[PDB]
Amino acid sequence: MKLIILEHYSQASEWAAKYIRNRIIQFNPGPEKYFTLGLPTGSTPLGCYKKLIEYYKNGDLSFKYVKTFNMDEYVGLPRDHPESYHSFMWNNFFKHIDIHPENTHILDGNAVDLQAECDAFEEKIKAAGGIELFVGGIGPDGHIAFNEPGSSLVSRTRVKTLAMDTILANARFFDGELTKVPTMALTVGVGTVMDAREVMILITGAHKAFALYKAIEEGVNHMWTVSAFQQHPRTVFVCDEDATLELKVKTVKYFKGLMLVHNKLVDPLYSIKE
């Protein structure tokens, strides 16, 4: 793995944004070669989305030839509901960039046949040529997307029932009432994300420190699904200092020593300008 460590949230968000920017630009997508991006929702990636929007407005980055696939969506919640992930993505990112609406893909949590919706989502990813870069986060319980503890590490897109940690963490978005949070969600599987050519997990905050420790210091375990990426060929973990609190000093020293090498991934910072 590549463990990138920044001092604060803003810095981690920025590093992740710069990386995505460089990857898209250097990939140089076009009409016959789109850049496929897997995406997360939540407050963690918001900073990254904000920076990406800035780069776009400044004329340094374009999403015209980018296709996106979100990792999940709540089941039974109206799409127009302000707390739906469809609403989150549109209001916080898509409506602010030059991406084609038809090239953004989010699971339909109100589909008549939920499993059919999930299977169709997998087929869309396949039809798009797979995912080039899948950006994700880690839950307090170590989950990737909604692959709660005890999820098959080779799972595909399917319906999952939210665990206690997830409900408690999202209660705020639903009047602080636990029972208000949707009981289930449609989510890409651990295997679905593992199929991406590259995976970048953004982790910020002391509240994620223990989960990060479980995911990269302890072994492959289906109780902490992000641990599955220990067997992925190209995963990058981008975090701030607080998220590293539970890791061994030796580990952080090793990767901080590698920041000179890894910062070259974002410096120089490329642009579509000229």
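Residues carry their position along the shown sequence, with the first being 1.
- Taking only CA atoms, the mean B-factor in the PDB entry is higher for 85 to 93 than for the other of 85 to 93 and 147 to 155.
- Annotation for 133 to 141 versus 71 to 79: the higher mean temperature factor (C-alpha) is found in 71 to 79.
- Of the candidates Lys248, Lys50, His207, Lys214, the deposited coordinates give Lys50 the top C-alpha B factor.
- Residues shown: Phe237, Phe229, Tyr56, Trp224. Highest C-alpha temperature factor in the entry: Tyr56.
- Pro31: CA B factor lies in the highest third for its chain, per the PDB record.
- Ranked within its chain, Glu122 lands in the middle third, by CA B factor from the PDB record.
- Ranked against the other modelled residues of its chain, the C-alpha B-factor of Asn170 as given in the entry falls in the highest third.
- The deposited CA B-factor of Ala243 belongs to the lowest third of values across its chain.
- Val261: CA B factor lies in the middle third for its chain, per the PDB record.
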